[PDB]
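As provided, my_file.pdb (PDB, C-alpha atoms and all ligand atoms) reads as follows.
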```
ATOM      1  CA  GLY A 952      28.151 -24.571  34.413
ATOM      2  CA  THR A 953      26.604 -27.748  32.977
ATOM      3  CA  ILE A 954      28.340 -29.582  30.146
ATOM      4  CA  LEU A 955      27.014 -32.725  28.401
ATOM      5  CA  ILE A 956      29.539 -35.369  27.313
ATOM      6  CA  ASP A 957      28.329 -37.556  24.454
ATOM      7  CA  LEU A 958      29.085 -41.265  24.936
ATOM      8  CA  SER A 959      30.070 -43.526  22.040
ATOM      9  CA  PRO A 960      27.906 -46.669  21.512
ATOM     10  CA  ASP A 961      30.996 -48.904  22.009
ATOM     11  CA  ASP A 962      31.723 -47.273  25.393
ATOM     12  CA  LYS A 963      30.964 -49.681  28.274
ATOM     13  CA  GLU A 964      29.270 -46.864  30.223
ATOM     14  CA  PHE A 965      26.921 -46.279  27.258
ATOM     15  CA  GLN A 966      26.165 -50.002  27.130
ATOM     16  CA  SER A 967      25.405 -50.523  30.829
ATOM     17  CA  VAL A 968      22.982 -47.546  30.778
ATOM     18  CA  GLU A 969      21.156 -48.700  27.617
ATOM     19  CA  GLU A 970      20.799 -52.153  29.175
ATOM     20  CA  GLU A 971      19.091 -50.566  32.232
ATOM     21  CA  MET A 972      16.704 -48.586  29.985
ATOM     22  CA  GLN A 973      15.769 -51.687  27.974
ATOM     23  CA  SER A 974      15.581 -54.429  30.595
ATOM     24  CA  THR A 975      13.299 -52.406  32.946
ATOM     25  CA  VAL A 976      10.463 -51.945  30.420
ATOM     26  CA  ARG A 977       7.166 -53.458  31.614
ATOM     27  CA  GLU A 978       3.528 -53.560  30.578
ATOM     28  CA  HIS A 979       1.333 -50.960  32.283
ATOM     29  CA  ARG A 980      -2.199 -51.395  33.621
ATOM     30  CA  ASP A 981      -3.456 -48.561  31.345
ATOM     31  CA  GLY A 982      -2.563 -50.607  28.215
ATOM     32  CA  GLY A 983      -0.158 -47.848  27.099
ATOM     33  CA  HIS A 984      -2.565 -44.911  27.445
ATOM     34  CA  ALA A 985      -0.132 -42.579  29.214
ATOM     35  CA  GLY A 986       3.289 -43.531  27.778
ATOM     36  CA  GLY A 987       2.560 -45.470  24.564
ATOM     37  CA  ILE A 988       2.550 -49.086  23.388
ATOM     38  CA  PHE A 989       6.029 -50.642  23.228
ATOM     39  CA  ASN A 990       8.301 -53.447  24.465
ATOM     40  CA  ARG A 991      11.641 -51.666  23.873
ATOM     41  CA  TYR A 992      13.246 -48.386  22.788
ATOM     42  CA  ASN A 993      15.475 -47.035  20.061
ATOM     43  CA  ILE A 994      18.340 -45.345  21.933
ATOM     44  CA  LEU A 995      19.504 -42.337  19.918
ATOM     45  CA  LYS A 996      21.992 -40.732  22.303
ATOM     46  CA  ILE A 997      23.365 -40.952  25.848
ATOM     47  CA  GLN A 998      25.070 -37.946  27.416
ATOM     48  CA  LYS A 999      26.886 -37.730  30.746
ATOM     49  CA  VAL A1000      25.900 -34.639  32.770
ATOM     50  CA  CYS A1001      28.804 -32.785  34.422
ATOM     51  CA  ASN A1002      28.113 -29.934  36.849
ATOM     52  CA  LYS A1003      30.584 -29.264  39.649
ATOM     53  CA  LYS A1004      28.234 -27.053  41.690
ATOM     54  CA  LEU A1005      25.330 -29.514  41.649
ATOM     55  CA  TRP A1006      27.623 -32.498  42.275
ATOM     56  CA  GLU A1007      29.221 -30.947  45.394
ATOM     57  CA  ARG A1008      25.727 -30.056  46.627
ATOM     58  CA  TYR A1009      24.679 -33.718  46.175
ATOM     59  CA  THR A1010      27.716 -35.123  47.994
ATOM     60  CA  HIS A1011      27.420 -32.706  50.920
ATOM     61  CA  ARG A1012      23.840 -33.841  51.628
ATOM     62  CA  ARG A1013      24.739 -37.523  51.014
ATOM     63  CA  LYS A1014      27.375 -37.328  53.766
ATOM     64  CA  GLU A1015      24.830 -35.764  56.150
ATOM     65  CA  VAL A1016      22.347 -38.548  55.384
ATOM     66  CA  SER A1017      24.884 -41.376  55.775
ATOM     67  CA  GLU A1018      26.017 -39.982  59.146
ATOM     68  CA  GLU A1019      22.397 -40.112  60.360
ATOM     69  CA  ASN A1020      22.039 -43.707  59.070
ATOM     70  CA  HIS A1021      24.968 -45.804  60.356
ATOM     71  CA  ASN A1022      27.276 -44.712  57.497
ATOM     72  CA  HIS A1023      24.769 -45.842  54.851
ATOM     73  CA  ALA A1024      23.588 -43.401  52.167
ATOM     74  CA  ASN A1025      21.406 -46.094  50.532
ATOM     75  CA  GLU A1026      22.257 -44.693  47.087
ATOM     76  CA  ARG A1027      20.413 -45.965  43.980
ATOM     77  CA  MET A1028      20.398 -45.282  40.229
ATOM     78  CA  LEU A1029      16.828 -44.442  39.205
ATOM     79  CA  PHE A1030      14.831 -43.022  36.286
ATOM     80  CA  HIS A1031      13.041 -39.668  36.200
ATOM     81  CA  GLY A1032      10.684 -38.521  33.446
ATOM     82  CA  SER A1033       9.607 -34.890  33.182
ATOM     83  CA  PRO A1034       8.827 -32.136  30.633
ATOM     84  CA  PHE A1035      11.374 -29.933  32.482
ATOM     85  CA  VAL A1036      14.555 -32.017  31.969
ATOM     86  CA  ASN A1037      16.278 -28.919  30.512
ATOM     87  CA  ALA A1038      15.842 -26.970  33.756
ATOM     88  CA  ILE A1039      16.784 -30.015  35.877
ATOM     89  CA  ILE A1040      20.194 -30.625  34.212
ATOM     90  CA  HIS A1041      21.162 -26.926  34.562
ATOM     91  CA  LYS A1042      19.541 -25.869  37.845
ATOM     92  CA  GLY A1043      19.223 -29.214  39.694
ATOM     93  CA  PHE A1044      16.085 -30.732  41.180
ATOM     94  CA  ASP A1045      14.063 -28.092  43.046
ATOM     95  CA  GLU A1046      12.017 -28.692  46.233
ATOM     96  CA  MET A1054       0.963 -40.937  45.436
ATOM     97  CA  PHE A1055       3.454 -40.384  48.289
ATOM     98  CA  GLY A1056       3.403 -36.575  48.834
ATOM     99  CA  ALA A1057       4.540 -33.356  47.133
ATOM    100  CA  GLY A1058       8.100 -34.530  46.476
ATOM    101  CA  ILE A1059      10.252 -35.567  43.528
ATOM    102  CA  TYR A1060       9.416 -39.005  42.098
ATOM    103  CA  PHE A1061      11.741 -41.716  40.714
ATOM    104  CA  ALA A1062      11.228 -45.209  39.211
ATOM    105  CA  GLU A1063      13.090 -48.492  38.730
ATOM    106  CA  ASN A1064      10.980 -49.135  35.611
ATOM    107  CA  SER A1065      12.151 -46.879  32.756
ATOM    108  CA  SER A1066       8.671 -47.295  31.239
ATOM    109  CA  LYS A1067       7.017 -45.829  34.371
ATOM    110  CA  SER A1068       9.099 -42.633  34.029
ATOM    111  CA  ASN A1069       8.278 -42.625  30.296
ATOM    112  CA  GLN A1070       4.633 -41.939  31.260
ATOM    113  CA  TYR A1071       5.664 -38.500  32.584
ATOM    114  CA  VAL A1072       7.860 -37.284  29.697
ATOM    115  CA  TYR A1073       5.012 -35.239  28.182
ATOM    116  CA  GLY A1074       3.447 -34.400  31.607
ATOM    117  CA  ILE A1075       1.047 -35.893  34.165
ATOM    118  CA  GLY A1076      -0.542 -39.082  32.811
ATOM    119  CA  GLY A1077       1.318 -38.364  29.557
ATOM    120  CA  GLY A1078      -0.358 -34.949  29.138
ATOM    121  CA  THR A1079      -1.576 -34.342  25.584
ATOM    122  CA  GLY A1080       1.337 -36.408  24.199
ATOM    123  CA  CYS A1081       4.072 -35.088  21.921
ATOM    124  CA  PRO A1082       4.069 -31.355  21.025
ATOM    125  CA  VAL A1083       3.958 -32.071  17.259
ATOM    126  CA  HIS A1084       1.331 -34.803  16.754
ATOM    127  CA  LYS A1085      -0.478 -34.624  20.137
ATOM    128  CA  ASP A1086       0.206 -38.378  20.284
ATOM    129  CA  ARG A1087       1.114 -40.119  23.547
ATOM    130  CA  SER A1088       2.178 -43.225  21.598
ATOM    131  CA  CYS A1089       4.160 -41.246  18.964
ATOM    132  CA  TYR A1090       6.833 -43.483  17.415
ATOM    133  CA  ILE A1091       8.467 -40.493  15.681
ATOM    134  CA  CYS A1092       9.154 -37.603  18.095
ATOM    135  CA  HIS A1093      12.308 -37.680  20.284
ATOM    136  CA  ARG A1094      11.827 -38.366  24.009
ATOM    137  CA  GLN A1095      14.264 -37.698  26.845
ATOM    138  CA  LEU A1096      14.701 -39.405  30.258
ATOM    139  CA  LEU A1097      17.116 -38.801  33.153
ATOM    140  CA  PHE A1098      19.034 -41.647  34.868
ATOM    141  CA  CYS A1099      19.847 -40.289  38.323
ATOM    142  CA  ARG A1100      21.989 -41.014  41.362
ATOM    143  CA  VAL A1101      19.590 -40.777  44.341
ATOM    144  CA  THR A1102      20.247 -40.776  48.117
ATOM    145  CA  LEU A1103      17.437 -42.619  49.983
ATOM    146  CA  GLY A1104      18.889 -42.952  53.506
ATOM    147  CA  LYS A1105      16.376 -44.526  55.882
ATOM    148  CA  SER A1106      13.361 -44.957  53.604
ATOM    149  CA  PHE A1107       9.769 -45.095  54.880
ATOM    150  CA  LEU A1108       8.136 -48.275  53.541
ATOM    151  CA  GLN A1109       4.756 -47.695  51.917
ATOM    152  CA  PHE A1110       2.749 -50.708  50.698
ATOM    153  CA  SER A1111       1.168 -49.298  47.556
ATOM    154  CA  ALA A1112      -1.487 -50.014  44.921
ATOM    155  CA  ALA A1116       6.562 -31.308  51.820
ATOM    156  CA  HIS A1117       8.826 -33.293  54.165
ATOM    157  CA  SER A1118       9.832 -36.912  54.735
ATOM    158  CA  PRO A1119       8.226 -38.683  57.697
ATOM    159  CA  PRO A1120      10.042 -37.852  60.973
ATOM    160  CA  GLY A1121      13.277 -39.875  61.237
ATOM    161  CA  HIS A1122      13.232 -40.722  57.515
ATOM    162  CA  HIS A1123      14.979 -39.370  54.406
ATOM    163  CA  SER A1124      12.667 -40.714  51.650
ATOM    164  CA  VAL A1125       9.637 -42.873  50.863
ATOM    165  CA  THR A1126       9.677 -46.249  49.093
ATOM    166  CA  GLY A1127       6.415 -47.204  47.350
ATOM    167  CA  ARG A1128       6.363 -51.002  47.411
ATOM    168  CA  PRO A1129       3.955 -52.407  44.787
ATOM    169  CA  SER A1130       1.482 -54.358  46.971
ATOM    170  CA  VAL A1131      -0.975 -55.459  44.238
ATOM    171  CA  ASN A1132       0.594 -54.806  40.818
ATOM    172  CA  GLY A1133       1.987 -58.069  39.428
ATOM    173  CA  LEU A1134       5.243 -57.183  37.658
ATOM    174  CA  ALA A1135       5.823 -53.602  38.862
ATOM    175  CA  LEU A1136       9.134 -52.554  40.412
ATOM    176  CA  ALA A1137       9.417 -49.924  43.140
ATOM    177  CA  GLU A1138       8.929 -46.163  42.927
ATOM    178  CA  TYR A1139      10.580 -43.664  45.302
ATOM    179  CA  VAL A1140      10.059 -40.125  46.611
ATOM    180  CA  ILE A1141      12.475 -37.567  48.040
ATOM    181  CA  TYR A1142      11.687 -34.073  49.378
ATOM    182  CA  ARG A1143      15.120 -32.451  49.099
ATOM    183  CA  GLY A1144      16.289 -31.617  45.566
ATOM    184  CA  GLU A1145      19.911 -32.042  46.680
ATOM    185  CA  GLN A1146      19.362 -35.801  47.350
ATOM    186  CA  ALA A1147      19.466 -36.534  43.582
ATOM    187  CA  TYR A1148      22.031 -35.819  40.839
ATOM    188  CA  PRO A1149      20.970 -36.134  37.162
ATOM    189  CA  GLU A1150      23.873 -38.143  35.798
ATOM    190  CA  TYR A1151      22.775 -39.275  32.305
ATOM    191  CA  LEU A1152      20.461 -37.671  29.744
ATOM    192  CA  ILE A1153      19.012 -40.350  27.457
ATOM    193  CA  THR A1154      17.403 -39.505  24.095
ATOM    194  CA  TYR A1155      15.202 -42.154  22.506
ATOM    195  CA  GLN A1156      12.063 -43.290  20.719
ATOM    196  CA  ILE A1157       9.607 -45.973  21.784
ATOM    197  CA  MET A1158       9.287 -48.800  19.250
ATOM    198  CA  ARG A1159       6.092 -50.213  17.733
ATOM    199  CA  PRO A1160       5.650 -53.970  18.308
ATOM    200  CA  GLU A1161       5.841 -55.985  15.060
TER     201      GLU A1161
HETATM  202  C1  LIG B1201       0.547 -35.140  42.326
HETATM  203  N1  LIG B1201       0.817 -36.090  41.248
HETATM  204  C2  LIG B1201      -0.092 -36.056  40.099
HETATM  205  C3  LIG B1201       2.077 -35.505  40.707
HETATM  206  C4  LIG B1201       2.950 -36.568  39.999
HETATM  207  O1  LIG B1201       2.522 -37.705  39.804
HETATM  208  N2  LIG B1201       4.166 -36.093  39.642
HETATM  209  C5  LIG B1201       5.132 -36.812  39.025
HETATM  210  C6  LIG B1201       5.958 -36.101  38.154
HETATM  211  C7  LIG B1201       7.007 -36.731  37.493
HETATM  212  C8  LIG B1201       7.258 -38.086  37.700
HETATM  213  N3  LIG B1201       8.327 -38.681  37.012
HETATM  214  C9  LIG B1201       8.616 -40.032  37.189
HETATM  215  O2  LIG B1201       9.564 -40.509  36.572
HETATM  216  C10 LIG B1201       7.830 -40.796  38.061
HETATM  217  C11 LIG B1201       8.121 -42.151  38.246
HETATM  218  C12 LIG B1201       7.352 -42.928  39.109
HETATM  219  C13 LIG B1201       6.288 -42.358  39.792
HETATM  220  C14 LIG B1201       5.993 -41.012  39.618
HETATM  221  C15 LIG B1201       6.749 -40.206  38.753
HETATM  222  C16 LIG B1201       6.455 -38.834  38.573
HETATM  223  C17 LIG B1201       5.398 -38.177  39.241
HETATM  224 ZN    ZN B1202       5.173 -37.072  17.584
END
```
Is it possible to give me this structure as C-alpha cells?
Amino acid sequence: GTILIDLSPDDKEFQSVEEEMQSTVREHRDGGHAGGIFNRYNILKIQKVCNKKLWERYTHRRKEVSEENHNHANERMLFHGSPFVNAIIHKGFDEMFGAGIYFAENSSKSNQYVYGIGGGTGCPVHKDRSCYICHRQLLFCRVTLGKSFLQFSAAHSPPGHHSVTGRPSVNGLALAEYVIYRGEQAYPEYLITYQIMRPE
C-alpha cells in the first residue's frame, strides 16, 4: 500500500530536504574509494513515502519507547543508503556496532552503501563507484533512538537501551552514525534520487 508523492522544487519541504542532503556532505578517509569523489549532488527528484501500515507500526513502537524513557522518543531524521531501497519503501525495514540497521547524519556516509558494502562493484552499468552518470537513490528516515548506548568510535540493543550511537572519537569532521535492532523504529519518509557531481 505504498504510494510515492513527487515534490515540486519550489515546495518548502523539497527545499529543506535538499539542504540536508547537500550541507551534510564531507570528505571521507578513503579519498572517495567507496562512494565517489564529490563535494555536492545534483538532486533529480524527491518523493514523499506514504504507507499507512508501516506508519502505524512506527508510531506504536515509538510510544512504547517514549514510555520507557521519561516521555522522550529521541526521534531524529537520518540518512540510509542501501541497494534494497525498493524493498524497504514497500515492506519496511526488516530485523561496526552489531547486526542491526545503520543510519548516518552525513549523507555522504550513506552514499558509500548505495551500491553495497564499501560501495560494492559500483554502478550496475559502468562498474564505477565514482560514476557521475548513473542515478543513485538514498532514504531520509524518521528514526526512534530512545535511550541510546554511547559508543566512542574510530541482534539486540544493550540491556536497558533502544539503540547505539557511534560517536566519532578520532575522525576530524565526521558526524555521528546510529544503529537500531528493531525495523519498526524507523520510517522511510523521503526517497531522494540524485547524482554525485565532479569537482571543477
Ligand atoms: C557488517 N557490516 C559490513 C555491515 C554494514 O556495514 N552494513 C551497512 C549497510 C548499510 C548501511 N547504510 C548506511 O547508510 C550506513 C550509514 C552509516 C554507517 C553504516 C551504514 C550501513 C552499514
Ligand atoms: Zn554509471
For this session: Point out the residue among A:1089, A:1001, A:1104, A:975 with the least atom-to-atom distance to residue 1137 of chain A, counting only C-alpha atoms.
Result: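 Between A:1089, A:1001, A:1104, A:975, the residue approaching residue 1137 of chain A most closely is A:975.
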What are the centre and edge lengths in Å, to one decimal, of the axis-aligned box around all listed atoms of ligand LIG 1201 (chain B) with 6 Å added on each side, as lines of an AutoDock Vina configuration file?
```
center_x = 4.7
center_y = -39.0
center_z = 39.4
size_x = 21.7
size_y = 19.8
size_z = 17.8
```
For this session: Would you kindly translate the PyMOL selection byres (((not hetatm)) within 6 of (chain B and resi 1202)) into the concrete residues it picks from this file, as a PyMOL selection string?
Result: chain A and resi 1081+1083-1084+1086+1089+1091-1092
With C-alpha atoms kept, could you save the residues just selected as a CSV table (one decimal), in the frame of the given file?
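Printed below is out-v3.csv as written:
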```
chain,number,residue,atom,x,y,z
A,1081,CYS,CA,4.1,-35.1,21.9
A,1083,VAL,CA,4.0,-32.1,17.3
A,1084,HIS,CA,1.3,-34.8,16.8
A,1086,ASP,CA,0.2,-38.4,20.3
A,1089,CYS,CA,4.2,-41.2,19.0
A,1091,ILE,CA,8.5,-40.5,15.7
A,1092,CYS,CA,9.2,-37.6,18.1
```
For this session: May I have the residues at most 9 Å from (6.9, -50.9, 24.6) in the file's coordinates, counting all atoms listed in the file, as a list in words?
Result: residues 976, 977, 978, 983, 986, 987, 988, 989, 990, 991, 992, 1066, 1157, 1158, 1159 and 1160 of chain A
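Picked by the PyMOL selection byres (((chain A and resi 1101) around 7) and not hetatm) from the coordinates shown: residues 1026, 1027, 1028, 1029, 1099, 1100, 1102, 1103, 1146, 1147 and 1148 of chain A.
Applying the 9 Å criterion to (10.0, -41.7, 46.8) in file coordinates and using only C-alpha atoms, one obtains the residues residues 1055, 1056, 1058, 1059, 1060, 1061, 1062, 1103, 1106, 1107, 1124, 1125, 1126, 1127, 1138, 1139, 1140, 1141 and 1142 of chain A.
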I need the residues from that last selection saved to file as a PDB file, keeping the file's coordinate frame (with C-alpha atoms), if you can.
```pdb
ATOM      1  CA  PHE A1055       3.454 -40.384  48.289  1.00  0.00           C
ATOM      2  CA  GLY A1056       3.403 -36.575  48.834  1.00  0.00           C
ATOM      3  CA  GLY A1058       8.100 -34.530  46.476  1.00  0.00           C
ATOM      4  CA  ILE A1059      10.252 -35.567  43.528  1.00  0.00           C
ATOM      5  CA  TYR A1060       9.416 -39.005  42.098  1.00  0.00           C
ATOM      6  CA  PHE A1061      11.741 -41.716  40.714  1.00  0.00           C
ATOM      7  CA  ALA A1062      11.228 -45.209  39.211  1.00  0.00           C
ATOM      8  CA  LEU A1103      17.437 -42.619  49.983  1.00  0.00           C
ATOM      9  CA  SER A1106      13.361 -44.957  53.604  1.00  0.00           C
ATOM     10  CA  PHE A1107       9.769 -45.095  54.880  1.00  0.00           C
ATOM     11  CA  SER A1124      12.667 -40.714  51.650  1.00  0.00           C
ATOM     12  CA  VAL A1125       9.637 -42.873  50.863  1.00  0.00           C
ATOM     13  CA  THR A1126       9.677 -46.249  49.093  1.00  0.00           C
ATOM     14  CA  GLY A1127       6.415 -47.204  47.350  1.00  0.00           C
ATOM     15  CA  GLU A1138       8.929 -46.163  42.927  1.00  0.00           C
ATOM     16  CA  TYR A1139      10.580 -43.664  45.302  1.00  0.00           C
ATOM     17  CA  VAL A1140      10.059 -40.125  46.611  1.00  0.00           C
ATOM     18  CA  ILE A1141      12.475 -37.567  48.040  1.00  0.00           C
ATOM     19  CA  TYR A1142      11.687 -34.073  49.378  1.00  0.00           C
TER      20      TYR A1142
END
```
Exercise. Which of these, A:1036, A:1054, A:985, A:1016, has the shortest distance to residue 1128 of chain A once you count only C-alpha atoms?
Worked result: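 Looking at the shortest contact to residue 1128 of chain A, the residue is A:1054.
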For this session: Go ahead and compute the interatomic distance for atom CA of residue 1143 of chain A and atom CA of residue 1035 of chain A, in Å to one decimal.
Result: 17.2 Å
For this session: State, in Å with one decimal place, the distance from atom CA of residue 1111 of chain A to atom CA of residue 1130 of chain A.
Result: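 Atom CA of residue 1130 of chain A lies 5.1 Å from atom CA of residue 1111 of chain A.
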For this session: Show which residues sit within 12 Å of residue 994 of chain A, as a PyMOL selection string. Count only C-alpha atoms, and ignore same-chain residues fewer than 2 positions away.
Result: chain A and resi 958-960+965-966+968-973+991-992+996-998+1093-1096+1152-1158
Exercise. Of the candidates A:1145, A:1063, A:1161, A:1018, which shows the shortest atom-to-atom distance to ligand LIG 1201 (chain B), using all atoms listed in the file?
Worked result: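 Answer, going by the shortest atom-to-atom distance: A:1063.
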For this session: For each of A:1110, A:1067, A:1021, A:952, take the minimum atom-to-atom distance to residue 981 of chain A, counting all atoms listed in the file, then give the residue where this is smallest.
Result: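 With all atoms listed in the file as the atom set, the closest residue is A:1067.
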